[PDB]
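The residues making up each chain are set out below.
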Amino acid sequence: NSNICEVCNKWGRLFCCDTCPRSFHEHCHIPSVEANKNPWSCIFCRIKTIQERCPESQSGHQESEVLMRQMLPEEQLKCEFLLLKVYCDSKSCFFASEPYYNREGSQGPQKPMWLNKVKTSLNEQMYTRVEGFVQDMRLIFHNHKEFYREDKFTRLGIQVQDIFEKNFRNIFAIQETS
Ligand SMILES: [Zn+2]
Ligand SMILES: [Zn+2]
Ligand SMILES: [Zn+2]
């Protein structure tokens, strides 16, 4: 197994996957690494199994159909993995915890949102469709763009949104277009 956490790239108290060489901090993995279960298979492994059981699940899909899917166990997993892929980027630190807004010439958003809030909401099964999760994720970046206006710090939102969108198209096998 790897000697660093796959998500945050730090050593520490790591749990090792049984079916691949990745390792995780307890609360870096999503869902949090399960208490027992030997062998244990990480989210990367569980996603790969879904694809292997249904190869046709990788044919192209329309985003509008994906968003209306109910959050059954396989869609719950896919959203958990998508969330984890964002945390994998170090720039996610900016969007992880609860923001506050006091900048001359800007007003804070009407509906603040952050990664750890989305994480709790998934854990508590608060989303009934994929659209719920994707709307809250996109809201994070939209709030940031609007608040920071012309400051160059706006670019951090563009950057992390691009990680989210690339991973969304991959995980949910969105039909490729120009
Ligand atoms: Zn970690
Ligand atoms: Zn694994
Ligand atoms: Zn199948």
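Residues numbered from 1 in each chain as written, not as in the entry; some residues may be left out. Chains lettered and ligands numbered in written order. Heavy atoms only, no water. Residues with missing side-chain atoms left out of burial classes, pairs and counts.

Labelled according to the PDB entry, the protein appears under the name Nuclear autoantigen Sp-100, originating from Homo sapiens. The record deposited in the PDB is entitled "PanDDA analysis group deposition -- Crystal Structure of SP100 after initial refinement with no ligand modelled (structure 114)".

Caption draft 1: Spatial organisation of the coordination of the zinc ion (ligand 1). Within the first shell, the zinc ion (ligand 1) binds the protein through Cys-5 (SG), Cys-8 (SG), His-25 (ND1) and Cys-28 (SG), at distances of 2.2 to 2.3 Å. Coordination at the zinc ion (ligand 1) is tetrahedral: its four donor atoms span angles of 97 to 119 degrees at the metal. Mapping the donors of the zinc ion (ligand 1) onto the primary sequence yields the spacing C-x2-C-x16-H-x2-C. Here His-25 lies in strand β2 (residues 23-25) and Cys-5 lies in the segment before β1 (14-16), a separation of 20 residues in the sequence. Judged by relative accessible area, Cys-5 falls into the buried class, the value being 0%. With a relative accessible area of 18%, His-25 lands in the buried category. (Donors = N, O, S within 2.8 Å, 3.2 Å for Na, K, Ca; no water. Tetrahedral: all angles 85-135°; square planar, octahedral: opposite > 155°, others 65-115°. Helix = DSSP H or I, 4+ residues; strand = E, 2+ residues; numbered from the N terminus. Buried < 20%, exposed > 50% of the residue type's maximum accessible area, 1.4 Å probe, protein only.)

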